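No value in this document is a laboratory result; all are computed from the given coordinates. Every residue, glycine among them, receives a Cβ derived from its backbone with ideal geometry; neighbour counts consider all protein chains shown.
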Amino acid sequence: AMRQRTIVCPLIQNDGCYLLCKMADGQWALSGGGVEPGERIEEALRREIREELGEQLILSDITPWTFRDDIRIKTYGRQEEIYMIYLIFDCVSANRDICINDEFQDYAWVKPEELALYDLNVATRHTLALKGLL
Amino acid sequence: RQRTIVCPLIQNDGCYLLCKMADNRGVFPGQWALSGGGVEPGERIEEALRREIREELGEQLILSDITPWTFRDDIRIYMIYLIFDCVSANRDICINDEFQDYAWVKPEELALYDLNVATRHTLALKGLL
């Protein structure tokens, strides 16, 4: 009866720079969220983007890239293991118009050569390294 | 409503494994496909993949590498397909319920087989057709 979820995450690129979001108190990460009952995976992705990054952002292309699993121990206040499947999509944005919500404290469009300067969380480092960007 | 399916694109020494579905009858031939298995609650996706392979292709098949490739979705129930690139150390196959025959196929001959829709889309995306 372990908690298990499928998570959709977009790696958003514009004019060669990648979007990173700073989690509210707090590391830098890709955005993303869970797929809810009755939703298709891309529907969940677009919903998460609207919610977290706003309605001004315009995506030109969304393409499934790769997936992996992860196990995390979350502390709500009790501790529980959560098994996740990460579905990572390559996204190209037509613009850079971002409007953040309370899940994020800040955001940045970062050139690949500067990604390593950021205090990224573990999952984000893994994803970027697999893409050959880090 | 929700199902996660794991599928291996298995290759050995330049050839890819295709399996002929037992699913279908009369004059309508069973189509050729990649193996596909469900993931039980609490089961890791790679463990589910290895279980599917053991169940439908036999325990004798040794995998030298299993690497996530890509995913997509489909409907039949809403499915999420998780497709892995795999390399087998050998070509020993022993089939059971899902399949009635198998073949190791050169990439240039894959298109000659009557591939099911999902398999066709997957091989096309891989650049093999």
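Summary table below
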| read-out | value |
| --- | --- |
| Estimated FRET transfer efficiency (A:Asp102, B:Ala103; beta-carbon r; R0 41 Å; 0.05) | 0.15 |
| Near-label residues of the range A:58-88 by backbone N, under 17 Å of a point 7 Å along Cα→Cβ of B:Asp65 | A:67 |
| Cβ neighbours within 10 Å from other chains - mean over A:35-41 | 3 |
| Shielding by other protein chains, A:61-67, mean Cβ within 10 Å | 4 |
| Peptide-level mean, for B:69-75, of C-beta atoms on other protein chains within 10 Å | 5 |
| Calculated P(r) tail over 26 Å for the protein assembly as shown, as whole % of Cα pairs | 48 |
| Computed magnitude of the charge dipole of chain B (debye, nearest 20; Cβ of K, R +1, Cβ of D, E -1) | 380 |
| For chain B: rounded, prolate or oblate by the Cα gyration tensor [a/c cutoff 1.5] | rounded |
| Pairwise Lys count, the protein assembly as shown - Cα closer than 17 Å, eight or more residues apart or different chains | 4 |
| Theoretical ellipticity at 222 nm over chain A - DSSP helices of four or more residues, -39500 (n - 2.57) apiece, nearest 500 | -5000 deg cm²/dmol |
